[PDB]
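The chain below stands alone and is given in structure tokens; this is the form deposited in one PDB entry.
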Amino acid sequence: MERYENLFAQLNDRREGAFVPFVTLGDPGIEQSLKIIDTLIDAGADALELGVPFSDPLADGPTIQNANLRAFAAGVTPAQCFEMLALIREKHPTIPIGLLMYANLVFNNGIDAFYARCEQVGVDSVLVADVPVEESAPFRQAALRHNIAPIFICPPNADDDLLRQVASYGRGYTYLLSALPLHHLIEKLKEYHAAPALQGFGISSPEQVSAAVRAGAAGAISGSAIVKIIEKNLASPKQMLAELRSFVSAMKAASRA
């Protein structure tokens, strides 16, 4: 299976960028999260980025910190997340699914065992938030042995030696965070034959999706705007889904350039 390659092949023949929502698994409950994900796909998400609740997400802002607490309140554990992932993949065979992990959950029961379980449940890519490229060797080697794409963040303060490593070590897509001009970052990444770059910094409005695609990125990740719709609408679950549906379909229409 190479869902990312297929996805990007189809998107390019129809002059589209990818829209990718992020959502924490089990927020605000297991059954409602499964509803949220089926709503996001139905409204036009091209791929999914899914977080596993972790006690100490030092790379995340407050919207995501609260998403994790909501999921912990619901009793969500890693094992339940992996149960949820199998259901999602059974319902949606072609959508790429990427996990956003913290290293301790990957390390806990064995690095290889973790990526073996991802390949069993049909995950396509894993980003480990607190593993820089300099420490990544055991993680990406385990990922590649189990046919999992290892994803790396290219930050705004990236120098050239980082660009060269990200381009060589990453697969699936390159996670782009926004001193260096943006369109030449996409340029250097295409120079170095990096996996297609998705822009993931502060993507809140249809105009930002359009800007990313026109700037050269293959698409955009909305890393927290979706969790905010969940937060605002916690009391009315049916308004939560309708607001998610309208937002996602707006954001995805924006990707058709």
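Between two forms, the rigid core is defined as the largest C-alpha subset superposing within 1.5 Å. In case it trips you up, residue 1 is the first one in the sequence shown, and so on.
Other PDB entries, at least a third, lacking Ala179: Other entries vs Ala179: at least a third skip it.
Using none, 1 to 3, 4 to 9 or 10 or more, say how many deposited residues go missing between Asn104 and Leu105. The entry has no gap there; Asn104 and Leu105 are joined directly.
For the stretches 20 to 28 and 241 to 249, which has the higher mean C-alpha B-factor as given in the deposited record? The deposited B-factors put 241 to 249 ahead on the C-alpha mean.
Select between 44 to 52 and 226 to 234 the stretch whose C-alpha atoms have the higher average B-factor in the entry. Result of the comparison: 226 to 234.
From the list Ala195, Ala220, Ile36, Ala59, select the residue with the highest C-alpha B factor recorded in the entry. When the deposited C-alpha B-factors of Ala195, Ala220, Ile36, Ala59 are compared, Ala59 is largest.
Residue of maximum C-alpha B factor among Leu144, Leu182, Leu100, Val166, per deposited coordinates: That would be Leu182.
For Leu162, does the deposited CA B-factor place it in the lowest, middle or highest third of the chain? For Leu162, the deposited C-alpha B-factor lands in the middle third.
Within-chain third of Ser178 by Cα B-factor, per the entry: CA B-factor rank for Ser178: highest third.
Could you say whether, by C-alpha temperature factor, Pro156 belongs to the lowest, middle or highest third of its chain? Highest third - that is where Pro156 ends up once the chain's C-alpha B-factors are sorted.
C-alpha B factor of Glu83, ranked within the chain: lowest, middle or highest third? Ranked within chain, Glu83 CA B lands in the middle tercile.
Taking the entry's C-alpha B-factors for this chain, is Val76 in the lowest, middle or highest third? Middle third, going by the recorded CA B-factors of the chain.
Just so it is clear, the following notes concern the form deposited in another entry, a form of the same protein that is not shown.
Have a look at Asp42, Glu231, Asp56, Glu191 and give me the residue whose C-alpha moves 2 Å or more between the shown form and the other one, with the fit done on the rigid core. Between the two forms, the residue that moves is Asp56.
Relative to what we see here, could you say if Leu58 and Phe82 have their Cα atoms closer or farther apart in the other entry, with a change of 3 Å or more? Compared with this form, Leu58 and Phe82 lie farther apart in the other entry.
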